[PDB]
Amino acid sequence: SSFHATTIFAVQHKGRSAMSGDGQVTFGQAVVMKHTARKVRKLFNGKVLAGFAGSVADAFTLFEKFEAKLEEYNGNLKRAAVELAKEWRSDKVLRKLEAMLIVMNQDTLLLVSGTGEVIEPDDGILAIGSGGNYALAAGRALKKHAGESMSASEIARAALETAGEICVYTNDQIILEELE
Amino acid sequence: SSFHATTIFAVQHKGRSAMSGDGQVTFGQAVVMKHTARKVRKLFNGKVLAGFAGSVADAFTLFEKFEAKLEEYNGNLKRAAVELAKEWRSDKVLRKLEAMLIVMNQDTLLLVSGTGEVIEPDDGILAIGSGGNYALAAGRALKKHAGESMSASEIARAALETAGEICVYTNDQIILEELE
Amino acid sequence: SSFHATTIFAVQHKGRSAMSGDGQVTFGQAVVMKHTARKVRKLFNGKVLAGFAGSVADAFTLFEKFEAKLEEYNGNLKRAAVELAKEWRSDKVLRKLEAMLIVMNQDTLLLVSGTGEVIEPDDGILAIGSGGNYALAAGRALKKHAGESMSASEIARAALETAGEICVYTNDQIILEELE
Amino acid sequence: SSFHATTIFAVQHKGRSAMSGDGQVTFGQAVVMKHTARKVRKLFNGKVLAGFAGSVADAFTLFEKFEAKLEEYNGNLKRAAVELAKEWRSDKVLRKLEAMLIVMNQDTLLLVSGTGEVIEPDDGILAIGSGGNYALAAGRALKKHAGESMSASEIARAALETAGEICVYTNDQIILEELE
Amino acid sequence: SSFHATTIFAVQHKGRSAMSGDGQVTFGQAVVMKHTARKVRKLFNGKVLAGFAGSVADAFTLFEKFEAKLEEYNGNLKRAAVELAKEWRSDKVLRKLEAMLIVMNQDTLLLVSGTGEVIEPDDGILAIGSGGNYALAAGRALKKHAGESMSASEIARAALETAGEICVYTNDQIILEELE
Amino acid sequence: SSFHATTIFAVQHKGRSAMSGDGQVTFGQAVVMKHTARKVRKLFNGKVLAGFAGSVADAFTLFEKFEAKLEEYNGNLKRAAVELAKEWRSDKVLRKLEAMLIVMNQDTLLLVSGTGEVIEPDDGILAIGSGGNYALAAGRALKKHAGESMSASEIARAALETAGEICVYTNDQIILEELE
Amino acid sequence: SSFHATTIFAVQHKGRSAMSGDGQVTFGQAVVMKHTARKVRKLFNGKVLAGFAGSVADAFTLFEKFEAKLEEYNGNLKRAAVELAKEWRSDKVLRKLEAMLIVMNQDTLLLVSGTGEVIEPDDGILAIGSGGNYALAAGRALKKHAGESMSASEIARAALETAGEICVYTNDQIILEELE
Amino acid sequence: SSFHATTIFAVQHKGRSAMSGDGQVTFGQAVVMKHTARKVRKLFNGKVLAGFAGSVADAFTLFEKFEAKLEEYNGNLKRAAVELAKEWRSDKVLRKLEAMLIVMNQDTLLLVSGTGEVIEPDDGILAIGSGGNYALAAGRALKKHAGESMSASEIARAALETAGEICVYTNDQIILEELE
Amino acid sequence: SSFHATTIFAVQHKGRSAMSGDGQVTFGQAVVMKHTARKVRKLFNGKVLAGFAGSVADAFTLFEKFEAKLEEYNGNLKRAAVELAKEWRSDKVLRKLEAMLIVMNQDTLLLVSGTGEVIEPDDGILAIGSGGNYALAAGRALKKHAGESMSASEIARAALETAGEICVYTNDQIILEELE
Amino acid sequence: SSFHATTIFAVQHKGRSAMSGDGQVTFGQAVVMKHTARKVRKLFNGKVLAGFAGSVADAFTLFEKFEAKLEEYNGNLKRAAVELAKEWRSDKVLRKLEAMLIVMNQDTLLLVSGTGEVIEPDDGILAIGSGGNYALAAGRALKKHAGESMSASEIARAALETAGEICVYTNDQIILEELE
Amino acid sequence: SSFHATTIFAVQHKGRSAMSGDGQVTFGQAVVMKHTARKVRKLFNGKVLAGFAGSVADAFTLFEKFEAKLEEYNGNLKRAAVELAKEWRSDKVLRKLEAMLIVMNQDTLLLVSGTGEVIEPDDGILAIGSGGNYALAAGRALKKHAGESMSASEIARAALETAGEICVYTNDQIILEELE
Ligand code: NA
Ligand code: NA
Ligand code: NA
Ligand code: NA
Ligand code: NA
Ligand code: NA
Ligand code: NA
Ligand code: NA
Ligand code: NA
Ligand code: NA
Ligand code: NA
């Protein structure tokens with residue numbers, strides 16, 4: 001695709017879960033078409049945060065499917081994720097997607113891919129999209145050297161701000177959701 | 001090279017001259033290193049405006065060769081430009097440069113390239129650099145359909161503003177210079 | 001070349017200056033030959049810090065050329081750098097080096113490059129090399145949201161630590177130098 | 001994919017079997033998302049060791065298929081492995097996987113690939129994945145020249161350590177399983 | 001070129017210094033033209049061991065050049081090595097060589113490259129050439145995990161045996177030099 | 001070069017010589033910087049028409065040189081052309097130019113190139129530039145099937161109009177010179 | 001394929017319709033196999049003219065599909081074409097053909113393509129194939145500046161004659177068909 | 001494929017029909033695997049000569065297919081040839097063949113291709129394969145300029161001799177079929 | 001695939017039939033995984049020798065398809081080979097294999113490829129695989145110039161030895177099968 | 001360059017010498033600018049025939065150099081030709097020319113190239129340029145099989161005609177020179 | 001260059017020295033221009049045999065440079081070869097030649113390349129050129145397995161014959177020189 005993924009960051013910190021994302025939709029090398037896209041949402045009656053950085057048709061397809069697996073498996077995030085991955089990597093159309101998916105609940109944080117990966121981080125942080133690695137670095141750092149004086153939302157928010165500031169493909173229209 | 005040119009816009013409008021530029025310095029595909037670069041300057045005793053979007057050492061090599069060409073052909077901008085163009089494109093190293101130069105005095109506005117082009121626009125507008133074509137589109141549009149209500153500086157600033165809003169390689173730290 | 005550049009991070013914070021770097025020397029895609037390289041040094045009687053991530057033969061040529069420039073412009077970092085850049089971009093050989101130089105005295109921080117760039121950052125941080133952008137994201141973030149409880153050297157070290165943890169070309173063998 | 005395979009090593013030495021593997025999950029050129037993956041498992045009631053460096057949806061599809069072949073051919077490692085190969089290679093999707101499979105019981109050791117290869121080594125060692133070749137050379141050297149003073153598990157862990165030290169894609173978070 | 005570098009390994013271990021090398025000279029992808037090439041020599045009245053895996057016309061130009069720098073700087077391996085590198089990286093012809101040089105005296109081991117690298121290993125071992133990395137993994141594995149019962153020349157030899165056994169560009173015709 | 005040549009057409013018809021050219025200066029694939037460039041001129045006291053489609057620095061260099069050969073050889077177009085070609089193809093800088101030169105006088109029409117060609121057409125028509133082949137086809141046709149009711153200027157003019165109408169790289173700001 | 005398309009030109013002028021084409025069949029870069037191919041035909045009882053420059057097997061499939069479409073929409077050229085285009089762009093095989101179709105009845109001229117284009121020209125001329133754009137330039141020109149002394153068939157023939165004379169892939173073996 | 005087509009020539013001349021072919025089968029760039037291949041056969045009770053220069057599995061599939069179309073359309077070379085082409089170009093596998101088919105009966109000569117070409121030559125001669133063009137030039141030269149003293153089979157043979165003598169992919173093991 | 005083919009050589013000499021192959025299984029460019037592979041086997045009850053260097057799952061698909069064709073065609077080797085070729089070349093996956101097949105009985109020796117080639121040699125020798133062309137050159141040379149003093153099995157053995165000596169992809173662990 | 005070489009043919013037959021050449025000057029893929037070039041000339045007072053398909057500035061530099069060698073070595077065609085080659089190939093500019101030179105006197109016939117080749121044919125014929133290979137095959141066929149009924153000049157003209165008929169880059173405007 | 005190297009083979013066997021080469025000069029991919037070229041010569045007064053398949057102007061530059069080194073080093077072949085190599089590899093043009101040199105006297109046989117290689121074989125055989133690797137495999141095979149019954153000159157002759165039989169670039173017009 002000529003559209004660049006947006007940037008999504010997620011973190012669990014002191015009993016709190018947050019997921020932040022910017023809104024920049026770039027087409028081609030350089031042209032911004034939208035500034036405020038919303039690529040982070042709540043699923044399963046506000047019990048789960050989901051972030052998909054690709055197109056909305058692919059986001060909805062994956063959200064619906066993940067919702068159905070969550071019902072079929074009684075809220076078990078890990079199982080629903082593994083089964084989604086299995087389906088995703090065998091689907092002729094969706095498998096080729098570059099954009100990844102982050103799902104999280106109260107207990108755990110997961111990265112799902114179209115090549116069929118399901119990855120649980122070791123420090124409660126995942127990041128994806130064009131800016132994802134910069135936000136990853138900024139959050140990891142904030143949580144380790146400033147964890148005590150910052151929360152999960154202040155962290156998700158700062159990580160994305162740092163990334164907007166260095167990534168040309170990430171902007172400063174930050175959307176932030178938390179689980180309570 | 002891995003450093004992107006900043007964006008420069010120039011306009012002659014109703015007797016006034018102005019030049020503007022953003023400050024975004026990007027290295028590689030996506031990484032911003034500086035936000036407030038200055039690449040628009042006054043030369044030749046505040047009588048010309050010059051804009052060069054490439055590196056500093058090339059800026060000084062070119063600006064010095066330009067000064068010398070002016071104090072050689074009696075302040076004639078067209079002739080000094082042409083002769084700088086002749087020497088630029090025959091220099092083993094400098095002629096490979098992608099970055100172009102804009103010089104302007106009270107009377108005329110010129111683009112100079114290291115392949116030896118000297119171009120004087122038909123509509124009082126030149127633009128170069130990563131966003132230069134978006135600034136060119138914005139400024140031409142304002143000058144033709146809203147020129148009666150905007151000054152040369154208003155257009156200069158407004159063109160850069162549009163360019164920054166749509167081009168990932170151009171930001172909102174605008175620097176503007178005017179003659180007189 | 002096949003040899004990757006090590007990673008170097010520089011920061012001015014609260015009147016203090018620091019510069020860290022790792023020691024991983026990687027050859028080709030994936031083969032580490034050395035873990036404890038020293039690519040950060042003091043110059044001009046311990047008044048400036050210099051980091052160059054390229055080869056030793058190029059580090060010596062550039063550290064000696066900059067030494068000449070410093071004594072020839074009496075300690076003035078900016079004028080030395082600009083003259084270094086002009087020399088570096090004119091040199092048939094050294095002009096092609098991808099690796100860059102960071103120089104800093106107690107007043108200011110500069111990046112110099114073989115293409116002839118000289119860049120002073122806006123927020124007192126520079127970083128270069130393989131893991132540079134991760135270290136730059138980690139450092140910018142800690143300064144904004146944890147500046148009031150971390151010093152220049154603590155930030156330098158944590159930004160290199162963050163970078164080594166996410167970047168395969170950056171290790172944990174950190175060298176840190178400061179000015180008083 | 002963009003995800004790099006982890007490193008897996010297997011060895012039969014003096015009647016003992018052992019398999020080691022690291023935890024590094026690298027995405028794209030240089031970015032580590034996970035440090036502690038588990039890609040080495042036990043199957044068939046602790047009679048076989050299986051290593052698969054790939055994604056988990058793929059690793060489960062293969063561990064399931066192989067288990068089904070092992071019970072159909074009554075624990076015969078080679079018969080199950082050959083029939084796995086046939087099926088793997090005639091699968092429109094999984095056939096394309098770069099990630100290979102190592103399987104072993106108390107009697108032998110076999111690499112299996114989506115191209116349909118089934119290879120038994122001549123010297124009791126296989127290794128695969130990003131760092132596989134470095135593990136192989138370490139492992140083989142130790143077996144041949146230090147084999148009276150190291151056991152299978154000692155060698156397995158040492159070959160992976162050696163590989164972790166020289167390969168940027170292999171870390172030091174070593175998981176080791178043996179056949180009791 | 002179309003000719004592949006042979007393989008060379010060096011190690012310092014319990015006061016002893018050894019350097020081993022194979023003899024396989026391969027032309028193009030796959031044709032072996034010689035099997036007993038000698039690319040390991042003693043220089044400086046049997047006090048230094050030098051190894052260069054590229055062509056003879058280059059290996060002599062470098063050995064002569066290196067030996068002059070030694071007579072000029074009175075046995076100082078490090079100094080001569082750096083001056084070699086300086087000269088080498090500014091030479092129009094020799095700067096482009098892929099093949100690298102290893103020099104070692106009783107006290108130290110050094111890799112020199114035509115891009116101007118001078119690298120002392122942390123662990124007493126260097127290896128270069130087609131099979132260099134395999135020999136590096138082997139020798140490192142031997143020294144760490146079977147160092148108390150193996151000598152420097154015994155390791156040099158073994159690391160090359162392993163390299164030859166797994167790498168198609170490395171044969172079993174080994175040459176071995178040591179310093180007492 | 002990123003600049004596209006403009007389009008030039010030339011014709012001798014019933015004792016008349018004309019040369020027409022459009023004014024579109026395109027940079028990159030698609031961006032028009034100027035509409036009215038003048039790339040056809042008179043040399044040698046209005047006795048010769050010259051058309052060069054490249055940059056002005058190259059146009060002037062070539063016009064001056066051609067002027068000097070014309071004086072050195074007493075107006076002989078063919079000889080001055082051949083000597084220019086010889087000089088042009090040996091000059092390290094100019095030889096690589098893509099744009100060609102058309103010169104004509106009362107008696108004859110010539111195409112000169114940087115690879116050293118001098119070509120006299122068979123039907124008194126030459127064309128060059130982005131649109132040149134379309135203008136060539138349009139003129140050839142006009143002169144053969146409508147020669148009697150159209151002159152050299154009406155032909156040069158129509159050929160360029162046809163070409164503006166089908167070539168995206170040629171526009172309708174036509175400049176036309178004739179010899180009397 | 002290696003086989004080049006012949007050249008076809010179509011024109012409505014003064015109530016008259018004509019369609020010409022050459023017969024050069026070129027294989028590969030430069031080898032002519034045939035000089036007198038017939039790629040222009042009459043259909044639907046001599047009321048329409050069809051030119052297709054591709055292979056005979058594709059000419060028959062498309063001339064028969066268009067025949068079906070014509071009887072199924074009662075002579076209406078535009079509705080037949082649009083339905084042909086939809087069918088052609090859906091077909092797994094024929095959809096990739098570079099060659100295009102020109103159809104014309106006494107009312108109108110259309111171009112149809114495998115990508116599903118249907119284009120009616122603005123000035124009553126179409127052309128396709130190897131020499132198509134030269135024939136299009138020659139024809140457009142003769143109609144504008146010699147329309148009042150040339151008929152539709154005379155223009156068709158002169159445009160193909162002009163094209164053959166400048167295009168290496170177009171010969172002089174012209175076939176012309178008209179409607180009364 | 002890696003296998004090169006052999007060479008085949010056909011000619012009709014003074015009521016006689018001949019087809020000649022070499023036997024060289026080359027694999028990759030340069031390795032000859034057979035010298036006496038027979039790719040010229042008689043079909044349809046010795047009434048047609050067919051030649052196909054690709055592989056045997058393809059040459060039989062086409063000869064069978066062609067011979068069925070002949071029994072179905074009662075000896076009509078042209079009709080069967082067109083239906084062959086229609087079928088061939090819609091076949092998922094055979095459509096991709098580079099190699100072409102020549103069929104000729106007493107009255108006519110035809111080239112059929114898998115892109116659906118059916119071409120009758122103007123001058124009684126076809127040639128295909130590696131050396132086809134050289135044989136085509138030779139045979140054409142013989143027929144025109146030495147036709148009154150050479151027979152059809154004498155030309156087929158000579159055109160192949162010449163082809164073999166100048167083309168590395170064509171040898172001198174000639175097979176010759178004729179119809180009375 | 002990243003697995004190179006072993007080398008296989010067959011010969012019929014003085015009424016004896018022989019086929020040899022080495023055992024080297026190389027992965028990627030240079031890494032040897034196995035040294036004693038068996039790619040030469042006896043089929044159809046000790047009556048045919050078959051060689052296939054690819055993977056064992058393709059070996060068995062092909063060795064089953066081939067038995068099934070021998071029964072269909074009453075042991076007629078050439079017919080079965082031709083029908084194997086037809087089905088191999090139309091198989092969507094197998095069609096793409098680089099590895100070729102050699103089959104042989106008492107009377108004849110064929111090479112079969114998945115592009116549908118079936119080649120019987122003219123001098124009683126075929127060879128395939130990595131080192132095939134070396135083994136071919138050796139055997140043709142021994143057979144022609146030392147034929148009167150070697151047996152079929154001696155030549156097959158000496159050809160593979162020669163190939164292993166020059167080809168980095170061929171080794172010295174030779175398997176030999178004969179037919180009475 | 002973008003300009004294609006013209007076709008030149010030379011032949012010695014029964015004591016007569018003759019050289020033919022066409023006139024087509026093609027630029028880029030397909031565009032003919034000239035139909036009647038003259039690239040075949042007489043030198044040295046009508047004792048030698050020279051053909052050079054290239055540009056005229058180059059063809060004159062070579063005809064001049066060769067004439068100077070012919071008078072230095074007293075008409076010795078081979079001595080002059082070899083010394084021409086040496087000089088041609090050591091010329092920083094002309095050495096790169098694809099266009100080759102044919103020269104002949106009453107005794108022999110020689111191709112000379114900027115790579116330094118000097119080739120004498122075995123059968124009295126050379127040909128060069130775009131259509132050279134087709135002329136060669138035509139020429140050779142006629143000489144060998146029709147040589148008692150055609151002279152050198154008859155063959156020369158016939159080989160070029162044949163070449164003009166099959167090659168899109170060669171026309172029928174044949175210039176012929178012979179040694180009286 | 002578009003001219004392929006002839007094939008050259010040298011051998012020392014039982015105190016006799018021999019060198020053979022074919023005569024095929026091929027231009028581009030496939031066109032044979034000469035069949036009897038002489039690339040094997042006797043030098044230094046009948047004492048050394050020299051083989052070089054490239055052009056005669058390079059042949060003579062090299063054969064002069066080599067004489068000049070033999071005098072300098074008192075007929076010591078290996079020394080002259082080594083000094084030739086050094087100067088060849090630093091020559092800006094000759095450095096780039098693909099053709100290699102074989103020189104040989106009564107005592108020794110060397111291969112020299114313009115990348116500075118000098119190789120003395122271990123089994124008395126070298127070969128270079130298009131068919132070199134085939135000639136090498138043949139000769140190694142005749143020497144080792146039929147050595148006791150062939151002379152040096154017989155092997156050289158039989159090796160080139162074998163190579164010509166399999167390699168499309170090698171022919172059967174063999175030149176043989178010996179030293180007593
Ligand atoms: Na940004
Ligand atoms: Na922006
Ligand atoms: Na790391
Ligand atoms: Na590591
Ligand atoms: Na080996
Ligand atoms: Na236009
Ligand atoms: Na033409
Ligand atoms: Na041949
Ligand atoms: Na080998
Ligand atoms: Na032609
Ligand atoms: Na041959």
Side-chain angles (χ1 to χ4, degrees), chain H residues 7-11 13-14 18 20 22 24 100 109 111 119-172 174 176, chain J residues 7-11 13-14 18 20-22 100 109 111 119-172 174 176:
Chain H
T7 298
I8 290 172
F9 171 100
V11 56
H13 189 53
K14 314 149 138 173
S20 53
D22 81 313
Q24 183 174 323
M100 293 194 287
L109 217 205
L111 179 67
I119 285 141
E120 187 160 38
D122 294 328
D123 73 330
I125 294 178
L126 291 172
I128 60 167
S130 284
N133 301 327
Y134 307 121
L136 182 64
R140 276 216 236 286
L142 290 180
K143 200 188 127 134
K144 180 190 202 171
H145 296 289
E148 294 294 281
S149 55
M150 289 195 90
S151 120
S153 55
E154 302 195 319
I155 278 169
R157 164 123 40 214
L160 243 300
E161 291 183 328
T162 301
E165 192 208 295
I166 63 188
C167 180
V168 299
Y169 295 117
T170 310
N171 76 4
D172 64 341
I174 297 171
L176 188 144
Chain J
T7 309
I8 293 175
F9 179 100
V11 59
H13 182 64
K14 294 173 156 188
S20 49
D22 79 318
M100 290 187 281
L109 215 205
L111 169 75
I119 287 145
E120 185 180 39
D122 295 317
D123 63 3
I125 299 158
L126 298 171
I128 66 169
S130 304
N133 284 343
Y134 304 117
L136 184 61
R140 276 219 235 287
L142 287 173
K143 183 160 171 170
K144 198 205 225 117
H145 297 281
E148 306 292 271
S149 64
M150 304 185 90
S151 76
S153 68
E154 275 173 351
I155 290 174
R157 137 166 5 267
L160 230 313
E161 277 167 20
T162 285
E165 198 189 331
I166 64 185
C167 184
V168 304
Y169 293 120
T170 304
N171 69 3
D172 69 354
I174 289 155
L176 193 134

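So that the names make sense, note that chain A is the first sequence line, chain B the second, and so on, each numbered from 1.
- One distance of note links CD of H:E148 with OG of J:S149; it measures 11.5 Å at 0.5 Å rounding.
- With a 4.5 Å cut-off on non-hydrogen atoms, H:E165 touches chain J through its side chain but not through its backbone.
- Between J:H145 and H:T162 the shortest side-chain heavy-atom distance falls below 4.5 Å.
- A distance of 7.0 Å separates CG in J:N133 from CD1 in H:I166, rounded to the nearest 0.5 Å.
- Of the listed residues (J:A159, J:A141, J:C167), the one with the most heavy-atom contacts under 4.5 Å to chain H is J:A141.
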